[PDB]
Structures are given as C-alpha cells and as structure tokens.
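A.B. asks: I'd like to ask some things about the structure below.
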Amino acid sequence: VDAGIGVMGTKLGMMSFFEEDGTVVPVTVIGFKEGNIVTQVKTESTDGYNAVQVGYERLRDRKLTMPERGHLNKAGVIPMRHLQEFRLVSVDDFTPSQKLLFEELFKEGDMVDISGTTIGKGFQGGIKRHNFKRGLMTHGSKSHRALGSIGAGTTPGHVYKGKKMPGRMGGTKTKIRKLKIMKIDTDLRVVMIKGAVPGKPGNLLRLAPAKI
Amino acid sequence: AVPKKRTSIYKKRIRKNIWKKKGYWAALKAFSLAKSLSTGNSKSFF
Amino acid sequence: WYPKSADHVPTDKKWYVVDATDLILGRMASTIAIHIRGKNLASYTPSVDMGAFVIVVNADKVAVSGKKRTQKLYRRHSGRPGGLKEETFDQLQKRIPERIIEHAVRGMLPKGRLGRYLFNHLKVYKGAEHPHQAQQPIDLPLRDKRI
Amino acid sequence: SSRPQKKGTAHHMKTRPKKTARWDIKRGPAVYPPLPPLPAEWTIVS
RNA sequence: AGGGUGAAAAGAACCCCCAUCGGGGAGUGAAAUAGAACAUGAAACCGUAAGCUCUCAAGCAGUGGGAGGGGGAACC
RNA sequence: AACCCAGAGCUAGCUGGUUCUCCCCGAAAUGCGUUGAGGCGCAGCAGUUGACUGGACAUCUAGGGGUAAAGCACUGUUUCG
RNA sequence: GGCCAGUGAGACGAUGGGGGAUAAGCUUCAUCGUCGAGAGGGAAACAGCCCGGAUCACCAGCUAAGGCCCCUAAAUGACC
RNA sequence: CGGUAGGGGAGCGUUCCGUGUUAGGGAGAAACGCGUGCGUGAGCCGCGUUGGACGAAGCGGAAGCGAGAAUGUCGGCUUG
RNA sequence: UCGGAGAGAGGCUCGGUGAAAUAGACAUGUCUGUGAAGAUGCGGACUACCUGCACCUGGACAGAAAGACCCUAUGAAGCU
RNA sequence: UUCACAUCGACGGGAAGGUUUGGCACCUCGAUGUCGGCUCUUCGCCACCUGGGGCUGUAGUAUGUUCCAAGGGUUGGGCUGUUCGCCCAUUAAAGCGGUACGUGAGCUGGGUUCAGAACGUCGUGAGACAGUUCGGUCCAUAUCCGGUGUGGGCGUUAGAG
RNA sequence: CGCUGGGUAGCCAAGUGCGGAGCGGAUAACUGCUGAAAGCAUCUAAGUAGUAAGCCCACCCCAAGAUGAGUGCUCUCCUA
C-alpha cells in the first residue's frame, strides 16, 4: 500500500542548487524520457486489491512483445518500456485510459520517498558486505580480511542459518524515505530533488509521496 | 580437506553426465556456424 | 484364502460437511480424521487412500473448553536461533482461522508420504458457505455425544 | 541440587506402566459355556 | 616382473579410407567377433540397447503386503 | 653408539588375525598362593565316560546360635529434681 | 573317579550393611533376580524394571505384563 | 530342543592316490546360468555357448584341504 | 585508529595434458529425547522440489602418524 | 531515636543452578591439540544502563530496595602471558554467564608439557624442582551435512509476456 | 610504471543525503471501576478502564518449488 499514486522518473546526475539565502545544498535531477500514463486500474471486486498501473519510456513496437502491445493497446495508450503499478488505498478515481498525470502534486507534498534499483557490486566479500573487521595485518598474523570464525563446537553442530557469509551486494531495489522535493522547473520537466538517490544516472526511479 | 568416503556410481554418473552434456549444448552452436558457413553472404571467415 | 486389497478407487469419494460453529476442537478433529483415513469402510487399508474428502465451514467459531482460548499457543520456529514464535489461539482465530483446524487434523492423521497426500482431503473455510457442490456433500456423521 | 536423579533401570522402576488400581489388577477373563465337542473333520469313507 | 596364435605362418596377395597408425571387404585356415598389446576367460571397474519406474521428498536402503505396467501365454 | 650379512623364523606372560553344515550339552567373572594381581596353579561352575548310590520339590518336627526388635542387670555415656 | 575345557576387574536391580557427606550410573562384602550367554510384547526411543522363555510351518484361536479418542489393535463403555 | 567361552556326535566339499591305459568323452571335459528340481545345511543332480580336451560314480587313503576381517599381502581397477 | 584504490601471479571461464592423500557401503536434514551417559543412521515434532557452480570452514568425536603426556611390562637402551 | 521486617539481618533451617574448587572414573590413548588474545557468532538471566511500578526512615534532586522487562546497549588505555586483578580519563552504564573454560581442517604462539644453557635449592652422583630465567619451523588443492550467493531441468496440465 | 608533482570517470571515506514513525491491537508488573461469595470488605469470581524500549501488525527488502505451486489482461495456433 502507498499513501498516494506516484510517478517514475530517471536519475540524471547531481549538482548543487545555491539557495538564495546563500546556503549550499546538493540535489539530484529527475527526468522523464516519456510521460507517465495510467494503463490499468484494478478494483476490489474484479481483482483482489486496488492499484493503478502506470507506464514509462515509450518505445517502438518492435522492441516489445505481442502480449505487451496487446495489453497496452486494449487501454488505448502509446507503447511504453517500463510498467509498474502503485497499490493505492482503495480509493481509486482514475480512468485507466491515458490519464497523463503531472507534478502538480509533489510540490505540495514536500517530502517524497523513491524506489530505485541500486548499483551492483558483484560478489563482495565479508569485510565489505556486512561491515566486518579484519585481523592484524602484521604481528605474524596470517588471516587478514578473512571471514574469521563461523560457529561454536560440537553442540550447534553446524552454522546457524542467516550467517553473514560473503556474496552479491547490490542490484536489488531500495527505498529512500522522507526525502524532500525542491524547486522544480516545468518547462524542462525536470525535478531538483535534494539528497542522493539510488543509481548511476540513467536507471528507472519510482517516486511516490511518503508513508509517514 | 580429505574426502571421507568414495561416492557411489549413482552420483558420479550424474556429474559425468553433466560434464558431457555441458559438451552437448556447445555443439548445436558449432552446427549453426556450419549451417551458416555453407556459402552465403557474411563478413567472417575470409 | 487371501485378504482383499484396496484395488483402485479414484473419485466419487463422499464429500462431507461440518459446520464447526461451537464444536469443541479436539473431539471434532478426531471424528474428522477418522473419515479422512477410511476407518469407516470394510474396504479399509492403511497403505491405500480409501478415505473421503470433507469440508469444514465456519472455521472461525470452533470452541475450546477451559481457558484454552488464551492459553493454547501455536509455535512456528524459524530454523535460525531466536526464531521461536509464541502465538496464542486467540490471535490465530482472529488472524488466520483455518490454520487452527489445519493443525488439529494434521496431527491426528498419519504423517508420512501417504498422510501428507491425504491431508489435501480436508477443505477448510472461514465463511459460512463452501464453494464445493462436488458430490453434493452429505453432512458428516458424528458418533460423539460430547461436542 | 542435593537431590539425585533417576537413571537407566532406576528410571524404569519409577516410570514403567503399572496397573495401580486394585480393581483392574483383580479381574479375570470371560469363561464361556463349555461348548460341547465337535465332530471329526476328515473321512476316507467318501 | 614379464609363459601358452595355429596341426602347418598357410601371419593376411589385391582393393578402398589412407600422415603406411588403425580399419572394412577379398584370400588362407575347421575356426581369425584363432590376426599377431592373438589360446578358456571369472570379479571388481567403463559403456551401450531394450522392459518397468524416481523431481513435496526422510532412507544401513532390505523385508512382509502389492497398486500400475511390461514378458514368452500359473510362475519370473 | 653406524650400515650390511649371519646366530635368527631371537624373545614377547603384549596387540591384531583363526576360513565349510548341521545336532546335543553348555559355564564363570569367587576363594587361595604368587616380584602376583589388565598372567598362572589348585579348588568352585561345563562336557563326556564308569561305578555306588540315593534324592530333588512340598509338609512337619527337633538342635545350637544372639541378629531385628526390645532393656538398663553389665560396661560407657545421659539429662531433671 | 578317568579323559579334558573355558573362567579368573562383571553390571545393575531388591534387601542388610562398611567407606563417602545414610552424594554419585561410586566403592566394598553377604543372600536372590535379569543382562552377561535371551530373543519377543509393555516401558515413545532405551542390556541390567514387569510378564515370558524362542525346534519349524500356519493370510487359525485364548490369555499374561500393559491397555481401548487419532496417529497404532481394541468401549470417545457403564454407574459413584 | 535359546545360548557366547567351551565339550561331544553326525556330515559336505576341493586337489591327489588304490580299484583303471576304468564307465563316459571331438554328437563334445570345466568356468556361467533355467529348473524355489533336491537336501536341515555345507552342497548335488540335471541345463546351455564361441572355444574343447579329459575324466566321473561307488567302496577306501592322504592332505600346502574350506577366508570379508591380521593399519595382512601380490595384481587389476576405481572415488576425489 | 578505520579502512580504501591500484599493478602483477594465482583464483574464475574456455582449448590441451592430467595427479594426490582418504575411502565398509552411504538413498548422508534441524531441534530435542535417548543411548558406552556430546547420533543423518533410534523416538517425537518440525523443515526441505532435483541437481549444478563460486565462496566460507561449525560438524562427519574430519586426514596425518597402533600417542610423544600418564600408567603397565619381573620390556630395550644411556648415564651415575 | 521508640519501631523485628525503609534498610542490615546474628543463631539455625529448606531449596534450585551447574559455570569455580573438587569426588567417581563411564566413553575417547591405531591419538577428543591446552591457557590468553584476534575475527565472528548466538543463546540464558536471577537487570549493570536504558521502558514502566510498588514500598521508602521518598519534601524536591539524588537514592535504597524489590516487581514485569533480554528489544537494545554493555568504551579507550597503562601494568601482567595471565576476563571484576587494578590505577588513569570519560561514560547512561561501562553486567554475569553458556556455547568441548565457543571459535587453531579460521589466525598469533606471549605461557605451559621437547631437545641448548644458567641461578637458588635437593641429590655424593647421574640428574631434579605443579621455582625462576634467555632461545625454541603449530601441517591442509572440501567428498558429505551446514551456511552465503547464483543458476539449470522439471512441476505449475495446452504453451507463453 | 625509474623517482617525483597533478588529475576526469570508476570504486571509496575521514564527504555528503536520509532513517528509525500519527504508529494501532492485545498484554506482564501495577493502579483501577462496578461487585458478591461472606446481610461490611476485596481490581475478580461475572463484566469492563488505563498502561512497558517487551509481543503482533505497521516500516523496509525477498517471496506462489506457498508442490496448499494463487491472482488477470493480454497473446498463440483447431490443417493433419
């Protein structure tokens, strides 16, 4: 569930916005390759919950399968690469046909929480995934940076599960909460959103008001 | 570091089969390269 | 000569129904799992699944005597340490009701490959209507004076 | 502490099934009517 | 440590694949699926083909009961 | 306190090993002595064979003992007047 | 008596005791039981507790110790 | 008619010898298997193959005589 | 403190050659309980599709050497 | 101050724990690798600190004690090989434990149980002291269960996004 | 890469941004409200109120191999 419907943009680098007061604040910059359009709305009766399915990044028909283009076509909308729905407190008042929305809204809700696929760091070790420590680098020591011990002796008789081994670190989406919006420019349809948001510039970036 | 006990014939056949089969998948690729190298427009194999 | 052996029985197994509105949990679950096994059939055989589907309805209103309703706790333990999950019967019957009976019979009947296979023969529903009219389920016989 | 525990063999005498209600100890099986005898079961006479 | 083609080398003319390694015919021999790392050829171990079968499983893995199916038409 | 060969298959009351079928009977882990007590000798308890036997089990009656319990005559302690 | 063995630190349970701390699945002796050398059923599993003693076959029956709601046989049987 | 240590009784089997240059045997001696044939059992009769040369039974005799246990041992093979 | 980035050789994947110690057979779960008294092999409950590859090493009283500490042997040897 | 129980509780008694020192010696001598640190756990409470409460010889601020509470937290150093053995500076506090005195097929080897040597002492002597002192190569390319990641087949009963 | 200065991207931090919430429901200790057993009283026996970093939902990330394998809006072909 989320508080309200949200949009999804794209990370576009960062910069600073000199506040006229003369204080320096970092910002990132959110952009829309193609505009968010509703492409579905599901009720509590016809389906199990309530949500609106928005889409992003319009693309050529080739790039996209037949089940997709049929799904998009049924609602009478343009193509679109990315496609996600916001489950919404069951108050939906949306015609699933191309209610192109906008940021007439986030400037009022001056705190926004976004969902971004972080960047991916391969198969990282113990010392960095889980913030372990490391043995002495000198003094005859011979186990630096290694995961060290695992468990106890005969009784536990194995390694408690959920142990903090090494493994793959990044690549899964993450929120970031109560991150406040900041002076926006509708001619360029760009957002100047303070803070630092998941992902190197150019990944999809859900964007929806808080759930305080 | 040292194995306890020899594996069965059962298990070993399983893994050898995975080895060979891993060779199976990498033929039909070469067969595509063949069935394409039979004279045709292409920029490869001077 | 030779005792008869359960020879192939597929479907047309009797569907029964039990409205569990205030029927104490244990005793009911014994007479459910005795029709789940087939010990009411001269065709009884432990190794084959001669049983009969049944349907519990009103799975929210099973009664339990004594002070159970706040004492009995269902605990599911995660494999890792600290995973033990104290959980009292009132919280389940409030939260997910069908799991109650889904435990009761699941302890009654013989775990194994076969027991696991049969446990599907219990369909539990928290509403007051059951979507099965499969064999037009004839209500379930209770030989228990105390329920 | 200060109390010992009851182990194998010792544990058994405390905790084996005893039929400790004078009544059921007493009882005896049904007897029957004497069932007057039964014929032969085989005959060459044919 | 390393023995035993055949009774007689009659130890393989000729042909084809052919870097002359090794083979398939042809030929010899009673027989060469006896052909020269050749006489009977067991077991471990390596394959192949056919018959039935395993992916919600729990087991010193067999045993008593035997569902279903395949075999020559009650036994495996 | 070399190495090879020989006495030498040294010795080991110590460890390990001791393969085909069936049938009948079938123990002990106690005492004694032992430079002896994770050995051995004798007894004690198996097998099998030959004598002489008389029982074994239950019942009852005799005979001596100082144990359980009791007692303060004995010995030793023991409180109140 | 003859010809010949093996055995020589047993264990627990019950009892009467010593040692111990009327502690030990401790130790040490006396009288019995089971295991040792003995299966089977009850005891959830479980030498040393209970019934009981295994020549074999039987897709026959009656019981002992123990038991009769389900998993497993057998009354969710009577009355206080 | 349970049975370990152990004692006694009755047997099978293998290589070789006496009866033999035996009976039988290039229409074919042994290793592999179909026969729950047969035995209380060790094992025995039959039954088959590319090869293929010897050799039973009975009454007897002798033993380099019966194996999964020795961190045995010689050879061939695996697991990783 | 408090780590971090980098280059090289390994690791990793593909082509070629190709060992090892270990190994009763393993169809090789967790918790508790039991048990020669610290079990994947027994009991109850939970949990878990089959099978790969990389990575760590808590168990399999993991491998290695019939312990080198302790004791025994009417053992061996050295020194006084 | 009076007042047994705000607080301490003499004299004696009844328990639970299992971690100290021990008693037995049951498994393990064809081997179950010890103390202390490093890294990483996880669990218990009878609670040190944070959450709530009684009673107080609680005016308030501090407390003292008990009650429910393990969700969390539970420093940096100097000395010693040496977990309340300890002074320094803080800090909300700077807990006690179990996990083969957790963890050596993960690490160091400062100590102890190796061969050298010396001091005190015992022994006439070889040598010796659960006295001291200086030096003294702690081996490993995971078969299986376990765990962290990630795949493939196959199940999902037409096939797929 | 000889040794040095300087450095974009990347990866890092001693840099920067944010985060531990109106939360809501049951509770333990405790304080209660009405009130007899017991013609007073008592938080309790009937019934109800408040209330803890503790429990559950909420928060954030996976998740239908959840074999109980869910859901729906699109596709894909009935010529043998």
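Taken together, the values in this text are just the output of simple stated rules run on the coordinates, not laboratory data. Note that we place each Cβ from the backbone using ideal geometry, even for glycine, and neighbour counts take in every protein chain shown.
A.B. asks: Given contacts defined as C-alpha pairs under 8 Å and at least six residues apart, what's the relative contact order of segment A:37-160, whole-number percent?
C.D. replies: Numbers: 145 pairs, mean separation 26.8, N = 124.
In percent, rounded to a whole number, it is 22.
A.B. asks: Please tell me which of these pairs span more than 23 angstrom C-alpha to C-alpha: C:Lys61/C:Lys123; C:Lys72/D:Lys7; A:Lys142/A:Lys164; C:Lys72/C:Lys94? Numbers along the way, then the final one.
C.D. replies: Values: C:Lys61/C:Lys123 16 Å; C:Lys72/D:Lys7 32 Å; A:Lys142/A:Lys164 21 Å; C:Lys72/C:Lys94 14 Å.
The answer is C:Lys72/D:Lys7.
A.B. asks: Whole-Å semi-axes of chain D's equivalent ellipsoid, largest first, each the root of 5 times a Cα gyration tensor eigenvalue? Kindly include the intermediate steps, with their values, before the conclusion.
C.D. replies: Numbers: eigenvalues 597, 67, 3 Å².
They are 55, 18, 4 Å, listed largest first.
A.B. asks: Another question, then. Ranked from highest to lowest mean number of other Cβ atoms within 10 Å per residue, what is the order of the peptides C:68-78, C:49-59? List each step's numbers first, then the result.
C.D. replies: On the way: C:68-78: 12.4, C:49-59: 21.5.
Per-residue mean Cβ counts within 10 Å order the peptides as C:49-59, C:68-78.
A.B. asks: Next question. Apply the Debye scattering formula to chain B, with a single equal point scatterer on each alpha-carbon and no solvent, then give log10 I(q)/I(0) at q = 0.13, 0.31 Å⁻¹.
C.D. replies: The computed values of log10 I(q)/I(0) come out as -0.53, -1.04.
A.B. asks: Here is a further query. Sequence gap at least 6, Cα distance under 8 Å: using those rules, report the relative contact order of chain C to the nearest whole percent. All intermediate terms of the calculation are to be shown ahead of the outcome.
C.D. replies: Values: 222 pairs, mean separation 50.9, N = 147.
RCO, chain C: 35 percent.
A.B. asks: Given C:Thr31, C:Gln135, D:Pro4, which one lies farthest toward the positive end of the charge dipole of the protein assembly as shown, if we put +1 on the Cβ of every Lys and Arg and -1 on the Cβ of every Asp and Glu?
C.D. replies: The residue sitting farthest along the positive end of the dipole is D:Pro4.
A.B. asks: Any idea what log10 I(q)/I(0) is at q = 0.11, 0.16 Å⁻¹ for chain A, Debye with uniform C-alpha scatterers and no solvent?
C.D. replies: After summing over all Cα pairs, the log10 values are -0.70, -1.09.
A.B. asks: Counting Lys and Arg as +1 and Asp and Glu as -1, each charge on the Cβ, what is the dipole of chain B about the Cα centre in debye, to the nearest 20?
C.D. replies: Numbers: 14 positive and 0 negative charges, 128 e Å.
Its charge dipole is roughly 620 debye.
A.B. asks: In addition: Could you compute how fast the protein assembly as shown diffuses translationally, taking Rh as the Kirkwood radius over C-alpha pairs and applying Stokes-Einstein at 20 °C with viscosity 1.002 mPa s? Give it in µm² per second. Walk me through the numbers before you get to the answer.
C.D. replies: Numbers: Rh = 32.0 Å.
In µm²/s, the coefficient rounds to 67.
A.B. asks: Looking only at Cα atoms, what is the convex hull volume of chain C per residue, in Å³? Show your work: numbers first, answer last.
C.D. replies: Details: hull volume 20.9 nm³, N = 147.
Per-residue hull volume (Cα only) is 142 Å³.
A.B. asks: Helix-derived [θ] at 222 nm for the protein assembly as shown: sum -39500 (n - 2.57) over DSSP H runs of at least 4, divide by residue count, nearest 500?
C.D. replies: Details: 10 runs with 87 residues, N = 451.
Value at 222 nm, helices only, nearest 500: -5500 deg cm²/dmol.
A.B. asks: I would also like to ask the following. Taking other Cβ within 10 Å of each residue's Cβ, how do C:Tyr125, C:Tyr117, A:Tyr160 sort, fewest first? The partial results should precede the final answer.
C.D. replies: On the way: C:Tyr125 20, C:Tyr117 11, A:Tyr160 14.
Result, fewest neighbours first: C:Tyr117, A:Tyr160, C:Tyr125.
A.B. asks: Also: Give me the percent relative contact order of chain A, please, defined on Cα pairs under 8 angstrom at least 6 residues apart.
C.D. replies: Relative contact order here is 30 percent.
A.B. asks: In addition: Which angle between 0 and 90 degrees, to the nearest 10, do you get for helix B:9-37 versus the longest principal axis of chain B when only C-alpha atoms count?
C.D. replies: It is inclined by approximately 0 degrees.
A.B. asks: Next question. Sort C:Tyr2, B:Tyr24, A:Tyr56, C:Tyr16 so the one with the fewest other Cβ atoms within 10 Å of its own Cβ comes first. Mind dumping the intermediate values first?
C.D. replies: Details: C:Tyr2 4, B:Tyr24 10, A:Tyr56 23, C:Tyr16 19.
Ranking C:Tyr2, B:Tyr24, A:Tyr56, C:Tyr16 by Cβ neighbours within 10 Å, fewest first, gives C:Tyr2, B:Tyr24, C:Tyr16, A:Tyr56.
A.B. asks: Something else: List the residues, sorted by chain then number, that are 5 or more residues from A:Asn50 or on another chain and whose placed amide H is less than 5 Å from its amide H.
C.D. replies: A:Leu88
A.B. asks: Could you compute the net charge surrounding A:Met66? Neighbours are other residues with a C-beta less than 15 Å from the C-beta of A:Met66; K and R count +1, D and E count -1. Don't skip to the answer; put the middle values down first.
C.D. replies: On the way: positive: A:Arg60, A:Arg62, A:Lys63, A:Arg69, A:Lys74; negative: A:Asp61, A:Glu68.
Local charge sum for A:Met66: +3.
A.B. asks: Among C:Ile36, A:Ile176, what is the fewest-to-most ranking by other Cβ atoms within 10 Å?
C.D. replies: Details: C:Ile36 25, A:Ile176 15.
In order of increasing Cβ crowding within 10 Å: A:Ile176, C:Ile36.
A.B. asks: Does anything in segment A:115-150 have its amide N under 16 Å from the 7 Å Cα→Cβ label point of B:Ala1, and if so which residues?
C.D. replies: A:142-143, by backbone N distance to the label point.
A.B. asks: If I model segment A:128-212 as equal point scatterers sitting on the Cα atoms and use the Debye formula, what is log10 I(q)/I(0) at q = 0.12, 0.18 Å⁻¹?
C.D. replies: Values, matching the q order: -0.68, -0.95.
A.B. asks: Translational diffusion coefficient of segment C:11-81 at 20 °C, 1.002 mPa s, Stokes-Einstein with Kirkwood Rh over Cα pairs, in µm²/s as a whole number. Before the final figure, lay out the partial values.
C.D. replies: Working: Rh = 14.5 Å.
Answer from the Stokes-Einstein relation: 148 µm²/s.
A.B. asks: How many angstrom separate the Cα center of segment C:78-147 from the Cα center of segment A:73-146?
C.D. replies: The distance from the Cα centre of segment C:78-147 to that of segment A:73-146 comes to 39 Å.
A.B. asks: Additional query: Of A:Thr138, A:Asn73, A:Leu188, which is farthest along the charge dipole of chain A in the positive direction, counting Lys and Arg as +1 and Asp and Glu as -1 at C-beta?
C.D. replies: A:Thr138
A.B. asks: Also: Between A:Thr117, A:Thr154, A:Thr43, where does the largest GNM mean-square fluctuation fall for chain A, given springs only between Cα atoms within less than 10 Å?
C.D. replies: In the Gaussian network model the winner is A:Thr154.
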